[PDB]
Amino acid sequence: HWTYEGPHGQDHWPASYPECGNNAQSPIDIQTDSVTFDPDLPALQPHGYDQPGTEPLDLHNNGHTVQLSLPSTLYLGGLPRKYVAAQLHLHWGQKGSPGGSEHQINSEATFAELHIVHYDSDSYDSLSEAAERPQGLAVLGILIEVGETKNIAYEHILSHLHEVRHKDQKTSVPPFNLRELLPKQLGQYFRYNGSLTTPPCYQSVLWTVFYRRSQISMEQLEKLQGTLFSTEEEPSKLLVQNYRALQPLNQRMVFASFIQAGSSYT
């Protein structure tokens, strides 16, 4: 039903999904000269990331992104509640165009963004249930840029895109070290209250966006940008530009878990 572009595109989401028009939405542009340092923000502590179970993980092209199911044995230990892993997925732009990430830092987008989705199992029994509640979800956002060499960790995912080119196709991915999908310096991140960046746009996410970026090769990017289709069959249409436009900060506070010399905040 909903899409990024067209009649049912993002500019029209509010006409079908009211919350998409609300005022504490995601993604946002994080301007470091406006964040507030919070010395009490804990280390994230991803648990079980190195070994996401022993069974093959499902990889699904759902027409809007490619999504990897994750076992609830993985969870984050440094949050207000116990948030267990449910899935991760990606947002990107398109070959020959700039951008592709959802969040921006100091008004600069990167080529793609990885979202690892967790939900509060202390309070709820499923991802879908938690997705509609206040701080029901905790999503980790990793901005992805292009580096000089192939990133093996991301390759564990990218090497399977050709198996799920059509919307709704699925394939299997052997467990791999998920920690390697994360950038360096896990201790430097931003934290704010936001929402799902796709319809229904529920304001249920406690967001964590890392300060440092992960890097994939130029070739891995082109592969991410032009393999999957948004269609179930012919004619085929490439799944591209699946990132939502920036949403107004609307006076929310963005907190930083770190501070350094020359930080634009004190």
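We number the residues from 1 along the sequence you see.
Averaged over CA atoms, B-factors in the entry run higher in 27 to 35 than in the other of 27 to 35 and 193 to 201.
Legend: mean Cα B-factor per stretch from the PDB entry, 164 to 172 versus 147 to 155; the higher mean is in 164 to 172. Considering 80, 98, 136, 141 together, the PDB entry gives 80 the largest C-alpha B factor.
Taking only the listed residues 104, 188, 94, 72, the entry reports the highest CA temperature factor at 72. Among the modelled residues of its chain, residue 223 has a C-alpha B-factor that falls in the middle third, as given in the PDB entry. In this PDB entry, residue 47 carries a Cα temperature factor that places it within the highest third of its chain's modelled residues. In the deposited entry, the Cα temperature factor of residue 113 sits in the bottom third of values across the chain's modelled residues. The entry lists a Cα temperature factor for residue 54 that places it in the highest third of the chain's modelled residues. When the CA B factors of the chain's modelled residues are split into thirds, the value for residue 12 lands in the highest one.
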